[PDB]
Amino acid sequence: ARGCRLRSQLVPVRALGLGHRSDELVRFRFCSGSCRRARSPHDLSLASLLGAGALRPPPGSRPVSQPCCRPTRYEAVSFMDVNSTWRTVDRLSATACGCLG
């Protein structure tokens, strides 16, 4: 369950950051989880260096020592707005995940 995989949850369209206020619930899918199984020699050494405190913190976010769990395919989310007009946002919801990079 902690490993990289497709996740999903019903959420209101208004929470999607699309500028709409509809309370209609739509199933939003996304990717999250560990990708340690797909780590390369570079990744393992980076992980070891960080674990040993051998690396000085570069400016900004910490280096990721493994591929990131990201969508490999997407599908559109559609809904009716306040005027009963159909709206569609293409490729907004994930349909598959992978350990990329």
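The first residue of the shown sequence is 1; numbering continues from there.
A.B. asks: As stated in the PDB record, which stretch has the larger average Cα B-factor, 50-58 or 69-77?
C.D. replies: Per the deposited B-factors, the answer is 50-58.
A.B. asks: Quick one: higher average CA temperature factor, 7-15 or 78-86?
C.D. replies: Mean C-alpha B-factor is greater for 78-86.
A.B. asks: Could you tell me which third, lowest, middle or highest, the C-alpha B-factor of residue 63 occupies within its chain?
C.D. replies: Top third by C-alpha B-factor.
A.B. asks: Using the B-factors in the PDB entry, rank residue 31's C-alpha atom against the chain and give the third, lowest, middle or highest.
C.D. replies: Bottom third by C-alpha B-factor.
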